[PDB]
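Step one of this worksheet: look at the structure below.
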Amino acid sequence: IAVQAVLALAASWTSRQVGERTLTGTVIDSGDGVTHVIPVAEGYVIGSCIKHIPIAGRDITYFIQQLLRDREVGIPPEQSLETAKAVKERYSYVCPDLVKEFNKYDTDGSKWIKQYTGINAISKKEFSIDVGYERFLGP
Amino acid sequence: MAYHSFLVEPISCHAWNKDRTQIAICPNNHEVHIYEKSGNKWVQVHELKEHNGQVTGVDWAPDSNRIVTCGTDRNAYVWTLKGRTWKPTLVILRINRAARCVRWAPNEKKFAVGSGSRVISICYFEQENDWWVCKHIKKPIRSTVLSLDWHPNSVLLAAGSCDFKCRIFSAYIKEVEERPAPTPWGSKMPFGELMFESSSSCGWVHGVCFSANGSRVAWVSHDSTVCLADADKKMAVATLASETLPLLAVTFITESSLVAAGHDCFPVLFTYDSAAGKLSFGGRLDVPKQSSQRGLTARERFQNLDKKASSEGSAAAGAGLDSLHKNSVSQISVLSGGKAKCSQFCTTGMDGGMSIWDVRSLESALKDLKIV
Amino acid sequence: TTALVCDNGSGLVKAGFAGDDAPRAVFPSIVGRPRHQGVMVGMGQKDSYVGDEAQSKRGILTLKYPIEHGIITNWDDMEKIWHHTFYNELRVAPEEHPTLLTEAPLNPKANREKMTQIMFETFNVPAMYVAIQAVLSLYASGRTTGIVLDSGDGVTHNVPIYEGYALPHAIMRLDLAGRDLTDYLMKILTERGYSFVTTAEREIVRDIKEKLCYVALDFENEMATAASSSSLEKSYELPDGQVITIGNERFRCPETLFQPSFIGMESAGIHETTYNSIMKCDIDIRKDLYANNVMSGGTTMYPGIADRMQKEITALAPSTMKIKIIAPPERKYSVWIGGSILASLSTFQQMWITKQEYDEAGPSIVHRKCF
Amino acid sequence: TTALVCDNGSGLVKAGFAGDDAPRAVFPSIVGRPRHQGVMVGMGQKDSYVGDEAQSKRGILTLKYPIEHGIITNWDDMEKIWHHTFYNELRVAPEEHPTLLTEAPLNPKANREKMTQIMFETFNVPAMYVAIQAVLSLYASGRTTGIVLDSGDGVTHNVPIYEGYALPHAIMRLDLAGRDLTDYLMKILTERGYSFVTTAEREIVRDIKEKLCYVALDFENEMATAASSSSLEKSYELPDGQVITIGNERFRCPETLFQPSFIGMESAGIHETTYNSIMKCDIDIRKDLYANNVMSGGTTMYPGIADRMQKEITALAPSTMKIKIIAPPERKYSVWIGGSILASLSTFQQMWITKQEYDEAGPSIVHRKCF
Amino acid sequence: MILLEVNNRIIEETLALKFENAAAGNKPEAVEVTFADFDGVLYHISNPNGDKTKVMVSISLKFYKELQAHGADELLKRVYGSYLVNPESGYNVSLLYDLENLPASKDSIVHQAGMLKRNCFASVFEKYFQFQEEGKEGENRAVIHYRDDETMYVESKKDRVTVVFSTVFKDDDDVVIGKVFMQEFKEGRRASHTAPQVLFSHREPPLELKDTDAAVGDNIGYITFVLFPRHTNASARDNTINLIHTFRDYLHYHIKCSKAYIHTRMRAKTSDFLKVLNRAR
Amino acid sequence: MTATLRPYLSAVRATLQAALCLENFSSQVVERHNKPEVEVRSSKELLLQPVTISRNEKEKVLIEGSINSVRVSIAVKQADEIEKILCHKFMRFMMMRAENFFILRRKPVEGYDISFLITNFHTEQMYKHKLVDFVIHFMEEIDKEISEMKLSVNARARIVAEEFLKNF
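Residue numbers (the authors' numbering), protein chains in the order written: chain a, 141 to 279; chain c, 1 to 372; chain n, 5 to 375; chain p, 5 to 375; chain d, 1 to 281; chain f, 1 to 168.
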């Protein structure tokens with residue numbers, strides 16, 4: 141029973157071109173219940189300098205369940221979270237300033253203002269629903 | 001007679017002004033407040049902290065109002081009411097780790113001591129120190145003191161020890177005293193000298209008490225021997241052990257009868273004449289401050305769906321003991337009329353309450369002793 | 005520190021905290037917008053007023069009461085009474101704790117999941133319990149075998165237990181407690197010259213009742229006496245300095261509990277009506293449950309009640325019975341106070357239903373977190 | 005000190021020690037387990053109420069006494085009751101003390117292994133043997149030789165002995181017990197018009213019967229009498245405060261022993277059926293046997309049956325020889341006391357299988373290729 | 001829920017996906033497989049023949065030497081020699097599902113080809129069936145050491161088809177069940193009123209093959225399994241073979257499923273004493 | 001009933017009345033931090049006797065006492081692997097729950113079958129003799145529970161064909 145990162149060590153030598161030849165550097169790790177950072181030098185590390193980051197994708201996706209109250213409708217409130225992800229991951233990103241970015245979606249066509257379609261699983265029939273700002277606003 | 005815990009302190013010791021009004025306490029840990037006899041209510045009167053070694057004993061010289069303080073630091077002092085508060089006034093010693101008990105040479109000359117360090121740090125006042133100083137009985141002793149009693153002539157001393165061997169000693173200091181009167185036990189009476197012994201290494205001697213003039217002395221160990229030495233029977237001795245639960249305390253209440261108490265929480269009587277080894281009892285002394293009418297069926301119901309200790313027994317009528325005798329009783333003393341003519345007596349416990357008691361119902365006998 | 009404990013139901017409001025001897029939120033369960041023109045500048049107001057504030061503005065107010073079939077129906081109707089209740093009555097964060105809410109059975113279902121969408125996806129609360137409303141009595145009474153009554157205003161229940169075993173065929177449970185008899189009593193005192201009556205005064209008939217009505221003792225002879233004696237008749241007083249007098253009505257409407265059949269209601273006199281469902285059951289219980297009957301809710305508290313009732317129950321029963329009529333003072337609130345005890349039970353805490361379940365679960369099977 | 009002697013069988017349990025004057029460990033050889041949703045869930049109850057507690061709770065419980073291919077089949081329900089003995093009757097281990105077990109005639113193959121598997125791997129006794137219960141009776145009488153009846157709550161058997169040498173072809177084992185009576189007996193309540201008649205009242209039926217039944221002295225005289233009288237009818241309390249007054253049934257249904265034919269059952273009536281023992285027996289002894297007719301059981305304590313069965317038997321018998329029929333006070337209760345007292349003949353032990361024999365081969369040391 | 005299939009969840013879904021992919025003409029990713037089952041299997045799968053359009057399953061077991069000795073091959077030449085295939089090396093044999101070996105109805109073989117394990121066993125069990133049907137005692141027994149702290153053979157008699165066993169007991173806590181509960185089978189079937197003969201034998205293998213009471217008063221299970229023709233008909237047969245090709249292996253897994261379970265009682269119990277322990281107060 | 005158990009545990013509780021001793025001292029030559037005093041016993045005269053007490057012939061108790069802290073260990077007649085290792089599936093399970101009740105000398109100690117570590121702290125923590133009036137007897141009840149697991153486990157033996165064969 142190894143600590144989970146032990147598996148990822150193998151990938152760092154699956155990548156194996158010239159210069160892959162010591163254990164000094166820094167992984168940044170992220171996930172859904174956990175995120176991690178670790179000061180590895182040839183395997184050694186320091187307790188309070190390794191980092192155990194509790195902030196993770198659960199904690200985002202229910203916040204996104206509140207972003208539904210911005211724009212969109214017609215879902216069993218637990219197919220609600222399903223649909224929220226089923227949008228999210230292909231379309232969401234970062235902007236340099238909010239107050240520029242509003243106006244692209246306000247104006248400059250479907251490259252901003254995409255639309256998504258799916259099913260109200262209350263009894264498995266369609267909803268067609270907005271995309272826009274929620275892309276850059278999520279991450 | 002009567003009782004109350006105005007707040008539930010683990011009263012680990014108690015002490016007073018001689019009018020038994022300001023109750024000082026050994027507390028939980030290192031946090032003291034003195035309370036007072038607000039008629040018969042109990043109300044705070046002081047905060048004390050600067051003897052920081054928890055608290056152990058004291059010797060409140062109760063006329064002069066000088067609490068020589070002791071415990072787990074050499075910040076040991078005469079606390080005195082400076083009008084403002086009881087406040088420190090330092091003692092110098094050569095003990096280590098702690099002081100457990102302290103004991104005025106009865107005429108308040110000085111005090112005797114029981115160290116965290118095998119020893120009697122015989123401590124004497126210097127105006128020149130601005131404070132006390134000491135000299136030491138590291139030997140011929142082997143190990144340290146739990147209980148103390150000066151014989152009334154005040155330079156003559158008895159103690160109960162973790163060196164077990166039931167020994168009588170002298171501890172005269174040249175720079176405060178002169179040597180005592182020809183002590184029948186033994187009269188080599190300088191510093192650190194041994195008057196007499198009873199061969200008893202029989203448990204660590206835990207209580208020591210002169211008779212009403214100290215013509216004889218009692219002892220008990222915490223291993224719960226009960227014992228004596230009598231000089232007029234020509235340095236005679238006696239020993240016994242109790243039936244009942246192990247000792248908290250014992251005292252003479254005459255020259256012929258004594259009160260004892262243990263983990264049974266109720267006091268029991270002892271009685272005697274002068275028949276050397278003829279140590280004899282007199283039965284349980286108290287009657288409970290409770291009667292069977294206690295109950296509240298609603299909370300008994302609520303907390304029989306929940307189940308914490310929810311299968312009943314009269315052990316609970318004393319929070320485990322029965323007799324209202326609690327998690328435990330913790331001390332005993334006479335209030336008034338004394339070791340001859342007592343009018344009232346009192347007891348403490350883990351519950352933090354004052355208690356005072358049915359004395360003179362038991363007054364029902366005359367005279368004592370028989371030269372045997 | 006503590007979790008809220010409430011008569012979230014009909015009646016008077018009756019709510020407080022776990023471990024209290026009492027509720028402190030106690031007022032009328034009312035929705036109260038105006039209707040008349042917003043005139044005197046300096047008067048300056050929001051739109052609607054709750055219970056005590058409905059009183060405070062009453063002449064101006066459209067006053068309404070959500071309690072259809074006993075169901076405090078619409079969600080919007082409560083939400084700002086709720087807002088008030090916590091933030092302003094109780095002066096409290098609902099987020100501070102789990103909460104001991106309550107329910108009666110025989111509601112339409114998804115109701116509870118819609119409520120929970122409010123109580124969490126509005127009101128966010130850590131957790132809650134929704135205790136079935138007979139249960140609340142058990143700590144209060146201490147009882148475990150017996151009969152549990154309920155009558156305040158706006159739901160009836162009548163529950164057998166024998167260490168539980170609440171009987172789905174032999175329970176009785178109904179749309180209101182003591183409520184629309186006042187319609188009959190209104191239909192009475194119009195006869196007392198009252199071309200002079202209103203909607204907002206059932207609340208005040210109910211007052212005269214609470215002051216001066218009593219449960220009739222020997223109805224036929226009560227009527228014989230009412231037909232022949234002035235001694236029944238006693239005065240009452242009205243807001244601008246006006247007396248009235250009343251006395252036979254004062255037991256006449258207080259017989260309909262034994263005669264819902266007065267209106268042509270299919271219910272017999274209620275303990276008779278009820279005794280029938282008890283007949284659906286074991287024989288052994290019967291003297292036991294007679295020696296174990298328990299009373300609570302507002303309208304249970306009327307004078308003449310037990311000294312009539314035991315003798316009317318006597319008209320039903322087999323021979324050789326002995327009885328216990330566990331009908332305390334404040335029996336009305338004894339049901340609130342029993343929930344306040346229950347909340348303290350460590351055993352009771354052992355599956356507090358969280359918002360965190362709901363956060364994953366959505367509504368879609370909370371009715372199988374239920375039975 | 006002790007060695008262990010028991011009525012491990014049907015009816016009540018009726019155990020004690022070796023040598024005692026009385027069985028003392030006594031409650032029904034049947035037990036109940038809640039038939040219910042425990043609606044007061046977490047009220048601190050274990051899943052069974054046992055004989056006397058079963059009865060204290062019988063409105064609550066499911067209960068067992070399995071198929072008439074034996075008395076029982078999941079004997080591993082007396083599983084529980086083994087502990088109910090060991091602790092809940094006794095607080096002791098069987099594993100301490102030499103044990104006198106018992107079993108019936110003609111048990112189908114698997115019995116004694118499946119038994120002893122438990123009795124030594126589980127009950128771990130120092131050493132034991134298993135008795136057959138008939139002559140236990142004669143020990144109490146101080147006898148060896150005669151005809152011994154059993155009729156009981158498990159079973160019946162009819163047992164000729166001669167200082168031993170008991171008849172493999174003229175001993176007559178039979179399934180019959182007071183167990184069986186009630187199936188005819190209780191259909192009569194619809195003749196009684198009682199719209200109210202269940203399973204759990206079978207014990208009250210059995211009660212009234214054990215209180216007031218007897219066997220008819222010459223049944224058509226009784227039938228003509230029931231057709232002309234009702235002093236027959238005798239009163240009986242019921243648990244809500246009712247009485248029922250009933251009592252022709254009280255000896256009508258007590259004909260069925262002569263008339264199994266009542267259910268259309270092709271069996272002869274009692275003494276006629278029994279005579280066949282004697283018919284298969286030696287013929288010479290049939291003189292002397294007139295003084296050797298030993299009769300007992302709980303089922304044997306009725307009035308009227310004695311003289312009836314004598315005259316009935318006498319309808320089969322010649323006169324010619326000196327009668328003694330032999331049925332003591334407390335014959336019902338007695339059998340355990342004779343079997344208890346056997347152990348005083350310490351010789352009775354020497355038969356014992358020890359746990360070693362049982363271990364070494366297995367109870368393949370003694371089971372049922374063994375005779 | 002605890003049930004199984006002879007075709008594998010792991011395999012069928014992936015290769016039916018590969019054949020959905022073959023129908024689409026799709027390009028590969030790197031599969032190779034080895035794993036195990038009941039009966040001591042070394043499964044295998046591959047991208048054989050190097051290229052973008054083949055798959056091969058393969059298999060290897062030591063006691064194949066005891067099995068190729070028998071004419072199992074002919075039914076299998078029907079059911080699976082419907083397909084076009086060759087043995088791989090290191091494996092006893094292999095199935096090349098070349099994507100050009102796939103039919104129009106690509107699904108239809110998938111189940112069958114997956115169920116092949118037991119079906120290979122059945123392909124030779126049929127000989128003892130035929131021996132019983134031809135009225136033949138003692139015929140041509142399949143002595144196999146599939147296991148070896150255990151033993152088995154298949155054989156025949158005119159009335160009844162047969163298998164026999166051995167298996168060495170490790171722990172007395174097992175034995176105390178072994179020498180009891182099958183004697184409430186060998187003496188107990190009323191509520192399960194179907195079964196052929198099965199004799200678990202705490203010491204006793206039958207006499208033409210080994211001989212009875214060959215264990216330490218209880219320390220070797222020489223189990224035996226014999227069929228009434230209400231099984232040896234062309235039907236009730238199949239149901240039963242399936243159970244047997246897992247039985248004691250699967251059972252000895254169920255043991256541990258149930259070992260785990262008791263800790264519900266124990267969780268409750270131990271938690272109860274944690275409650276009870278307060279009551280000293 | 002096993003009635004000499006009454007002499008037995010009445011005499012246990014007479015010992016636990018003679019010698020309800022445990023009360024505190026800290027230091028006089030070495031440090032104030034009160035120890036596992038029963039483990040660290042240097043010398044006799046200050047302290048309780050070391051003792052052992054048979055019930056019969058396999059069964060016995062050990063008790064050992066510093067004046068302030070104490071051992072118990074207790075021995076049982078049972079000796080089959082079917083008695084031991086099976087109840088030791090529990091005595092494994094047991095020991096983390098010892099961390100939820102704080103006075104085990106946390107092992108199923110052999111020669112005995114168990115051990116305990118006891119101290120004066122407890123005498124100040126809540127209550128009086130109802131404590132030992134629970135403890136000493138609770139300790140039998142948790143043995144009577146072995147009978148509870150007995151029929152439980154033996155009925156797990158009655159799981160056997162009651163699954164596998166009874167499927168058919």
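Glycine residues also receive a C-beta, built at the ideal position from the N, C-alpha and C atoms.
Name the residues in the segment 133-164 of chain n whose C-beta lies less than 7 Å from a C-beta of chain c; which are they? Flagged, chain order: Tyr143, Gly146.
Residues in the same chain with beta-carbon distance under 8 Å from n/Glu237, minus the five sequence neighbours each way, listed in chain order, please. So the qualifying residues of the chain are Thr249, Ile250, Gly251, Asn252.
Decide if c/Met354 is buried, meaning its Cβ has at least 16 other Cβ atoms within 10 Å, or exposed. Buried is the call here.
Could you spell out where the alpha helix (DSSP H) holding n/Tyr166 opens and where it closes? The continuous stretches of alpha helix (DSSP H) do not include n/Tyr166, which lies in the beta strand (DSSP E) extending over residues 160-166.
At the level of alpha carbons, what is the spacing between n/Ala181 and n/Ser155? A straight line joining the alpha-carbon of n/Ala181 with that of n/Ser155 spans about 5 Å.
Which residues in the same chain as c/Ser143 place their Cβ atom closer than 6 Å to its Cβ, once the five residues preceding and following it in sequence are excluded? Sequence-distant partners of c/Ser143 (beyond 5 residues in either direction) whose C-beta falls short of 6 Å from its own C-beta, in its chain, are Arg118, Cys162, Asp163.
Name the chain f residues that come within less than 9 Å of d/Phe225, Cβ to Cβ? Correct list: empty, because the minimum Cβ distance to chain f is about 12 Å.
Ignore the nearest five residues each way along the sequence and tell me which others in f/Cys21's own chain have a CB closer than 8 Å to its CB. The residues are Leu48, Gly65, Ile67, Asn68.
Excluding five sequence neighbours on each side, which residues of the same chain lie with their C-beta closer than 7 Å to the C-beta of n/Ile357? A distance below 7 Å between beta-carbons, with the five flanking residues on each side excluded, links n/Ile357 to the following residues of its chain, in chain order: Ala131, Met132, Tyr133, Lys373.
Kindly indicate which three-state DSSP category d/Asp98 falls into: helix, strand or coil? Strand, per DSSP.
Starting from d/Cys120, follow the beta strand (DSSP E) in both directions and report where the run begins and ends. Per DSSP, d/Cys120 is not a residue of any beta strand (DSSP E); the alpha helix (DSSP H) it occupies stretches across 110-133.
Considering only their Cβ atoms, is the gap separating c/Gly57 from c/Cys123 smaller than 8 Å? No; because the gap between Cβ atoms is not below 8 Å, this pair is not in contact.
Does chain p have any CB closer than 8 Å to the CB of f/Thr2? Closer than 8 Å: yes.
Pop quiz: n/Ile330 and n/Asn297 are said to be a contact at Cβ under 8 Å. What is the actual Cβ separation, rounded to whole angstroms? That pair is a contact at about 7 Å.
I'd like the ranges of any alpha helix (DSSP H) spanning at least 4 consecutive residues and lying wholly in the segment 273-297 of chain p. 274-284, all fully within the segment 273-297 of chain p.
If you measure from the beta carbon of a/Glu182 to each beta carbon in chain n, is any gap under 8 Å? Answer no: the Cβ-Cβ gap between a/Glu182 and chain n never drops below 8 Å.
Quick check on DSSP: helix, strand or coil for a/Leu208? Reduced to three states, the DSSP call for a/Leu208 is helix.
Name the DSSP beta bridge partners of a/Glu266, please? Answer is a/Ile259.
Bounding residues of the alpha helix (DSSP H) (the contiguous stretch that carries d/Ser46): No alpha helix (DSSP H) holds d/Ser46; the beta strand (DSSP E) holding it covers 43-46.
Beta-bridge partners of d/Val226, as assigned by DSSP: d/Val226 is bridged to d/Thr162, d/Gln197.
Any residues in the segment 28-53 of chain p with a beta carbon nearer than 9 Å to a beta carbon of chain n? Which ones, in chain order? The segment 28-53 of chain p vs chain n, Cβ under 9 Å: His40, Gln41, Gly42, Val43, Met44, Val45, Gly46, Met47, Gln49.
Looking only at its chain, what residues have a beta carbon closer than 7 Å to the beta carbon of c/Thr183, apart from the 5 residues adjacent to it on each side? Answer for c/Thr183: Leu156, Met189, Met195, listed in chain order.
Buried or exposed for c/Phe302, please, with buried defined as at least 16 other CB atoms from any protein chain shown within 10 angstroms of its CB. Buried: at least 16 other Cβ atoms inside 10 Å.
Quick check: the Cα distance between a/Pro216 and a/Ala196, rounded to an integer number of angstroms? Computed Cα separation, rounded: 24 Å.
If the cut-off is 9 Å on Cβ atoms, which residues from the segment 106-117 of chain p count as contacting chain d, listed in chain order? Taking 9 Å as the cut-off between beta carbons, the residues of the segment 106-117 of chain p near chain d are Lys113, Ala114, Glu117, in sequence order.
Is the beta carbon of c/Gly349 closer than 8 Å to that of c/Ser328? Against a cut-off of 8 Å, the Cβ pair of c/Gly349 and c/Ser328 comes out as a contact.
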